[PDB]
Amino acid sequence: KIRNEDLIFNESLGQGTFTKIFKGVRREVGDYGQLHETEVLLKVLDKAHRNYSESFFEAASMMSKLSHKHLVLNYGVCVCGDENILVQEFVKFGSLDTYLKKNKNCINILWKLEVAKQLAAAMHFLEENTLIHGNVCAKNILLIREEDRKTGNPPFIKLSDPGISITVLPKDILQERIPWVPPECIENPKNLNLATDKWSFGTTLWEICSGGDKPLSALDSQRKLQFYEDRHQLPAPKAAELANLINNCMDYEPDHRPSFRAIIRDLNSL
Ligand SMILES: N#Cc1ccc(Nc2nc(N)nc(Oc3cccc(C(=O)O)c3)n2)cc1
């Protein structure tokens, strides 16, 4: 819980679902009483959508009861003014979807495998804690550190918070989030379960293999609906080394989707 007076808003970085995102600075007393001015990620709920404030905050709160090297750090909230603001660590290299687009001509199978293994590790941690994320996608993966072939250092990613839950979002927004949202949640958003994240994880691997293309982007909401109704799978990406794993995770039967331990074992065997 942070004071408005300790936060300075700077440039807009974009928007999420019913939110606006800004780079910012938090003035804080840190360890040993040292004063720090810390770059922060600020997510502001749209005032016009103040109805979603509880879910907006339950999303960040749920994940911050657990600590983990691959889960993004949340500093707190500022409920100052009429604004609802999430204060989050600022990651140097932004989200994975934009990173994959701007760097497509420099991302090989080894880089992808390390990113997929780290994301599976985070999801395995969540599965063991029976915590549903609900919005696994490339936009919610943050790149802390780039790969450095010189020092052999692999990339390092974190999973960000899910945003407002699909269990309260309007149906046309859910439909636009096909194929990250699983078919059982399109049928009924309250079908959100651990198996939800395995499907979305599969969709996210497709993103990682497709240079930041969005799967099914050419299809409007009604065609996305019918895609599920006809039980189609995503096309294999040209870089097809993860296609079987993608299809295994994107199983129309939720009970058949493999555990993240089995997913990690599959990744390790490639
Ligand atoms: N250029 C650049 C750049 C560099 C660093 C960040 N840092 C950061 N940090 C955190 N915790 N979360 C995010 O989410 C976002 C939100 C909006 C857009 C994007 C994106 O990739 O454009 C990412 N971004 C963001 C952008």
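Just so it is clear, the values below take in all heavy atoms, side chains as well, and ignore hydrogens, waters and symmetry mates. We count ligands from 1, going down the list as the structure has it; atoms in each ligand are counted the same way. Counting from 1, the numbers follow the sequence of the chain as shown.
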Peer 1: Sequence neighbours excluded, which residues qualify as side chain to side chain donor-acceptor pair (under 3.5 Å) partners of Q88?
Peer 2: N74, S160, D161
Peer 1: Which ligand 1 atoms are under 4.0 Å away from a heavy-atom of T98?
Peer 2: 20 (C), 21 (O), 22 (O)
Peer 1: Check each atom of ligand 1 against the heavy atoms of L41 and keep those under 4.0 Å away; list them by number with element.
Peer 2: 8 (C), 9 (N), 10 (C), 11 (N), 12 (N), 13 (C), 24 (N)
Peer 1: Using distance alone, decide if ligand 1 has a nitrogen or oxygen within less than 3.5 Å of any nitrogen or oxygen in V91.
Peer 2: yes
Peer 1: Partners of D251 by side chain to side chain contact (heavy atoms under 4.5 Å, CB included), sequence neighbours excluded?
Peer 2: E253, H256, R257
Peer 1: Under 30°, 30 to 60°, or over 60°: which ring-plane class applies to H232 and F227, parallel, tilted or perpendicular?
Peer 2: tilted
Peer 1: Report yes if the distance between the aromatic ring centroids of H49 and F56 is under 6.0 Å, otherwise no.
Peer 2: no
Peer 1: Are the aromatic rings of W111 and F156 close, with centres under 6.0 Å apart?
Peer 2: no
Peer 1: Relative to ligand 1, is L142 under 4.0 angstrom through side chain, backbone, both or neither, heavy atoms considered?
Peer 2: side chain
Peer 1: With a heavy-atom distance limit of 4.0 Å, tell me whether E89 approaches ligand 1 through its side chain, its backbone, both, or neither.
Peer 2: backbone
